[PDB]
Amino acid sequence: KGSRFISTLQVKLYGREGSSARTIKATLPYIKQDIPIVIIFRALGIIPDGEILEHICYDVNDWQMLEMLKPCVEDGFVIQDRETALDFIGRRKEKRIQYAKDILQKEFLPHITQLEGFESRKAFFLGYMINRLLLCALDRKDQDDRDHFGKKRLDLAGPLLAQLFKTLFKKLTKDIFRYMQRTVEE
Amino acid sequence: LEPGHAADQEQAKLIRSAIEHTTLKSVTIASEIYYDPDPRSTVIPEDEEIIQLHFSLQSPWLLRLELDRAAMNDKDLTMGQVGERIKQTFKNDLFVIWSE
Amino acid sequence: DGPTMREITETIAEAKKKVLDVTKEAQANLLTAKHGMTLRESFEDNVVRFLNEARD
Amino acid sequence: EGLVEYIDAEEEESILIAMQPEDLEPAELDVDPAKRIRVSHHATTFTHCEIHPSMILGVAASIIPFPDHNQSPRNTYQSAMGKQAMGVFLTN
Amino acid sequence: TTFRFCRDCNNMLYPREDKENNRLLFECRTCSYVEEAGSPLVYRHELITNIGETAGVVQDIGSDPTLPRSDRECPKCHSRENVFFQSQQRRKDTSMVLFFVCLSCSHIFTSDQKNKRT
Amino acid sequence: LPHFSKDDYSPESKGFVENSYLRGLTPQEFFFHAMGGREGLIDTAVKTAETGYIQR
Amino acid sequence: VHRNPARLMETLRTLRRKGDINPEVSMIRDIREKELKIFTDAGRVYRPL
Amino acid sequence: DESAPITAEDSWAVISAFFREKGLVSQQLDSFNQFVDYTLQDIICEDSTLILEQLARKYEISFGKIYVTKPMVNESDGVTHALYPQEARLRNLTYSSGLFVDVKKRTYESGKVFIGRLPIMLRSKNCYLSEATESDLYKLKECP
RNA sequence: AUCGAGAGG
DNA sequence: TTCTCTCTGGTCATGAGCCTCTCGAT
DNA sequence: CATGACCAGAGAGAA
Ligand SMILES: [Zn+2]
Ligand SMILES: [Zn+2]
């Protein structure tokens with residue numbers, strides 16, 4: 001409900017299958033570089049390494065997944081408070097932190113919510129995405145089949161008309177606003 | 001095949017083994033790093049036979065690899081060959097011993 | 001005719017039990033790791049071979 | 001009254017459908033040779049049953065007689081062609 | 001392997017060699033915490049892995065209608081109520097062995113005849 | 001198909017039509033055969049253009 | 001998160017079949033991965049059974 | 001007797017029921033009905049209101065409930081009258097009804113208005129044919 | 001004309 | 001330090017069976 | 001759609 005714009009979040013596991021220094025980074029909608037996952041996490045207020053892994057790994061007896069996560073804990077060891085995590089952001093100083101704070105609830109995981117104060121839900125969900133990424137990377141779950149019909153949707157007459165009607169109704173609304181401005185006095 | 005050495009499968013299998021590419025990763029099961037600081041007495045009981053038979057004539061950190069019986073059987077590969085190739089890779093920059 | 005279709009379906013049955021045997025043997029870890037292919041590959045090859053033989 | 005249920009492809013991942021209600025009949029030989037061969041289900045924990053297997057077809061192929069006896073591309077061909085057949089498209 | 005975190009920071013510990021007494025310790029690097037090591041193993045890297053071949057065993061498994069039922073008896077309790085499945089590992093060179101779960105005593109057994117592990 | 005249990009590498013489970021066109025395909029055989037025939041049609045539909053461009 | 005998902009799933013299915021949950025809403029309990037997914041989406045194809 | 005299990009023949013009974021209640025284009029009608037009843041209002045209320053400001057005041061215009069008529073036509077030099085399908089086809093007309101919205105204007109510290117015509121899917125709820133009889137249809141030159 | 005859609009071997 | 005050396009992701013970019021029909025909005 | 005060369009970068013040998 002609302003503007004049906006689509007954001008695309010990528011969580012990329014860098015490093016080839018036989019390479020070491022295998023890091024995990026995420027793509028966020030308005031920042032040039034991928035930023036490492038632990039820096040996101042700490043920007044969402046989850047500071048300790050253990051809490052982060054607890055958000056990603058839901059079993060402490062999975063030493064494989066935690067071993068895969070070790071290079072990410074090493075990757076963001078430099079950033080160990082929330083505010084400096086928010087600072088690491090590609091813009092053209094305090095406004096940097098504010099831009100990051102905004103992006104985190106505005107364009108990052110917009111479907112969870114776009115209202116502020118629910119950093120926990122988005123942190124847990126990012127961890128869930130990371131978990132299934134690693135599950136695939138450990139040859140535990142298979143690649144996701146993009147041709148399963150259940151993952152497909154059929155836009156019918158209703159939705160098509162609704163998408164068209166939104167666009168033109170806002171054009172009519174903008175026209176109304178322009179006629180209002182033009183008539184400042186009459 | 002060499003002209004005239006056709007129809008003897010064993011020569012052919014020797015060429016197969018000589019020619020098919022092999023890495024360490026092909027035969028390795030698991031790779032471990034232990035803290036084993038006194039060379040003459042390991043903390044791994046299994047390895048004692050090994051360190052025992054090193055009675056002829058560094059760094060306390062141990063790198064210990066386990067290798068696959070079946071993979072070692074699919075190639076004609078010896079523990080000696082593997083170890084000699086590792087030792088030849090690293091030029092006494094690393095001390096290697098192995099099981100039998 | 002009924003004799004010929006009896007033979008045809010008995011042939012299909014014998015292929016089905018051939019593949020049943022192949023599969024139980026695979027499930028007991030009793031396949032041979034013939035060079036160049038996975039165990040699952042050997043199994044798939046044998047089953048498809050059996051069924052094509054049955055059809056022919 | 002909860003005798004029938006809507007299932008989408010995602011949800012049918014978690015279910016086990018029978019093909020005909022006869023699959024639920026218990027068993028404990030002498031068969032018609034001319035009938036097709038049905039493997040016994042060898043499954044028991046059914047949760048649903050098909051309304052009728054023939055319901056997998058569209059409007060076009062539902063016109064094809066005995067499509068379970070023809071090579072499938074012919075059924076696709078007839079599906080394309082029946083839309084080119086003439087007839088009373090509307091009484092008005 | 002196991003992993004350990006500082007009790008105060010909940011940050012992961014880094015190994016250190018007590019060169020004097022040849023000891024293995026684990027240090028935090030947010031604060032000055034340190035502690036004895038409880039195993040000489042620091043790094044384990046499986047290439048042939050079995051971890052996750054039994055993945056997805058919960059007591060609710062016996063109520064998955066999707067899963068098939070064998071006629072075998074449990075080695076432990078000899079109930080013939082069991083669910084079974086192939087290895088949940090999605091490596092493509094994976095043994096086609098079937099793991100069975102007794103629905104009466106939650107005990108996992110196997111059709112394997114070449115090995116008897118765990 | 002949701003009419004089969006999991007991990008079922010059977011002949012009939014994975015697309016063996018033991019029936020002839022004369023006797024008639026069962027619903028699962030019908031659908032699997034349709035799956036194969038569709039691959040046939042698409043192979044046709046694009047090989048046509050690929051060979052046209054090759055000849056050109 | 002939910003512990004005791006068998007009870008909750010039985011309740012949800014009985015509600016949908018009673019009509020108290022919309023019959024077009026879909027509900028999947030993935031037992032072996034400990035997941036429950038409910039979809040109230042628009043535009044997913046379903047069939048009766 | 002009454003509780004005995006069904007057989008494969010009995011399946012067709014259920015199938016008949018399924019179609020008696022829905023016909024063969026249920027997807028189209030359900031989609032369009034859902035659009036008209038609920039989605040239309042939502043979009044009218046999305047971000048609708050507008051406010052312009054001056055030195056002293058601010059003026060605001062807010063759209064409210066929508067109303068969708070039954071299909072009609074405005075005849076040039078003529079009245080508006082109920083448009084039925086066959087007439088819309090023969091006369092190259094657009095079978096569409098009108099959108100009227102309750103728009104208010106507040107000021108700091110209008111009635112229904114026309115905004116356009118939405119094409120109606122035949123046999124949807126705003127279509128005249130939805131409640132029509134077989135005899136009604138024949139009288140309307142619409143094939144049953 | 002232009003853009004598009006359906007179809008035929 | 002120079003110079004020649006490899007040497008790879010973001011790009012921009014190509015066509016893509018022949019006809020053949022008919023229709024339908026601008 | 002989808003397969004792939006050209007720079008442009010920067011790491012990288014020799015005298
Ligand atoms: Zn600490
Ligand atoms: Zn048991």
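Among the residues of segment E:71-93, some residue qualifies, meaning at least one is away from DNA strand J (no atom under 16 Å from the Cβ), farther than 28 Å from residue D:47 by Cβ and acidic (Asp, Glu). Looking only at residues in segment F:1-21 that are more than 15 Å from residue D:19 (Cβ to Cβ) and within 7 Å of chain D (Cβ to nearest Cβ), the one that is surrounded by the fewest Cβ atoms within 10 Å (Cβ to Cβ) is F:21.
Given the options E:54, E:94, E:1, name the one that is within 14 Å of chain G (Cβ to nearest Cβ) and under 25 Å from the mean Cα position of the chain (by Cα).
On the way: E:94 fails: within 14 Å of chain G (Cβ to nearest Cβ); E:1 fails: within 14 Å of chain G (Cβ to nearest Cβ).
Unique residue meeting the criteria: E:54.
Among the residues of segment H:1-53, count how many are of a type outside the set (A, V, I, L, M, F, W, C), part of a loop (DSSP other than H, G, I, E, B) and surrounded by 10 or more Cβ atoms within 10 Å (Cβ to Cβ).
Initial filter on segment H:1-53 (of a type outside the set (A, V, I, L, M, F, W, C)): H:1-3, H:5, H:7, H:9-11, H:16, H:20-23, H:26-28, H:30-31, H:33-34, H:37-39, H:41-42, H:46-49, H:53.
Pick out the ones that are also part of a loop (DSSP other than H, G, I, E, B) and you get H:1-3, H:5, H:7, H:9, H:23, H:46-49.
Narrowing further to those that are surrounded by 10 or more Cβ atoms within 10 Å (Cβ to Cβ): H:7, H:23, H:46-49.
So the answer is 6.
Just one of (1) within 16 Å of DNA strand J (Cβ to nearest atom); (2) in a helix (DSSP H, G or I) fails for residue D:89. It is (2).
Within segment A:4-23, identify whether any single residue is under 18 Å from residue A:103 (Cβ atoms) and within 12 Å of another protein chain (Cβ to nearest Cβ), and answer yes or no. Taking every residue of segment A:4-23 in turn, none turns out to be under 18 Å from residue A:103 (Cβ atoms) and within 12 Å of another protein chain (Cβ to nearest Cβ).
Do we find that residue A:163 is away from chain D (no Cβ under 14 Å) and part of a helix (DSSP H, G or I) in this structure? Criteria met by residue A:163. Note on segment E:9-20: among residues that are facing another protein chain (nearest Cβ under 10 Å) and part of a loop (DSSP other than H, G, I, E, B), the one that is surrounded by the most Cβ atoms within 10 Å (Cβ to Cβ) is E:11.
Of the residues that sit in segment D:70-86 and are under 30 Å from residue H:144 (Cα atoms) and assigned to a loop (DSSP other than H, G, I, E, B), which one is nearest to ligand 2 (Cβ to nearest atom)? Ranking the candidates gives D:85 first.
The condition of being over 24 Å from residue G:39 (Cα atoms), surrounded by 12 or more Cβ atoms within 10 Å (Cβ to Cβ) and not hydrophobic (A, V, I, L, M, F, W, C) holds for only one of A:116, A:83, that being A:83. Quick one: would you say residue H:30 is acidic (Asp, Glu), within 11 Å of chain A (Cβ to nearest Cβ) and under 15 Å from the mean Cα position of the chain (by Cα)? For residue H:30, the condition - acidic (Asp, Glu), within 11 Å of chain A (Cβ to nearest Cβ) and under 15 Å from the mean Cα position of the chain (by Cα) - is met.
When you scan segment D:41-71, how many residues do you find that are under 15 Å from residue F:19 (Cβ atoms) and of a type outside the set (D, E, K, R)? Break it down stepwise before answering.
Step one: of segment D:41-71, the residues under 15 Å from residue F:19 (Cβ atoms) are D:53, D:66-71.
Imposing the further condition that a residue be of a type outside the set (D, E, K, R) reduces the set to D:53, D:66-67, D:69-71.
Looking only at that region, the number is 6.
Laboratory data are not the source of any read-out in this text; all were calculated from the coordinates shown. Don't worry about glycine lacking a Cβ; one is built from the backbone with ideal geometry, like all the others, and counts go over all protein chains shown.
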